[PDB]
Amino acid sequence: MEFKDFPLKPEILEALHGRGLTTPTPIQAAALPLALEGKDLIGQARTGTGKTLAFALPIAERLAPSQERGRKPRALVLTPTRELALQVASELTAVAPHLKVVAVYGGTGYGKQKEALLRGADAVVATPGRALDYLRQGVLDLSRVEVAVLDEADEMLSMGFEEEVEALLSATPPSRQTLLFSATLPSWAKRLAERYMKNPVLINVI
């Protein structure tokens, strides 16, 4: 099946076509019907599988544009690293031209991202420490999150972000959709899934 065979809106199919993206990878093909229907998913997959679009497409599809100044994000993606935050943000921006994506990460000052968040965002792609700092400063508001994604949960564990990840998830409404990607499923990630996800289907392409 091609991307056009899935329930994806025009601006997304046009964006995909513009980058020569036509045919879902296996994790995308298996995930999309579920994820596009709002269901929670665990994607056991590493980079190279197309896992990013497996969550970025759902986000793109579910979120309609908004121009509301100062608006709070409706999608949150957590990543272990600045590098992956930037990469994921770029990809989401590319498949969701209708959305404002803000990347949040450390190894830099707080001002620029704070001001981006305060201007308004539809999606935030963040490393957990910096995200939690903004949450607790009242700069990042997660009360409107509809889709939360943990991208490389095992790495976030290895880097000691468990408490941050949990605090961030706890700040989002449980009505959300949650997608969890991880190559491995250590017991913390399994617990995270049990606590923060709704009967997720697991798709493993390892």
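Note that residue numbering follows the sequence shown and begins at 1.
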{"item": "Between 53-61 and 177-185 (mean CA B-factor, as deposited), the higher", "value": "177-185"}
{"item": "Mean Cα B-factor comparison, 27-35 or 157-165, giving the higher one as deposited", "value": "157-165"}
{"item": "Most elevated Cα B-factor in the entry, residues 45, 41, 145, 150", "value": "45"}
{"item": "Modelled-residue ranking by C-alpha temperature factor, third containing residue 91", "value": "middle"}
{"item": "Chain thirds of CA B-factor: placement of residue 131", "value": "middle"}
{"item": "Residue 116 by Cα B-factor - lowest, middle or highest third of the modelled chain", "value": "highest"}
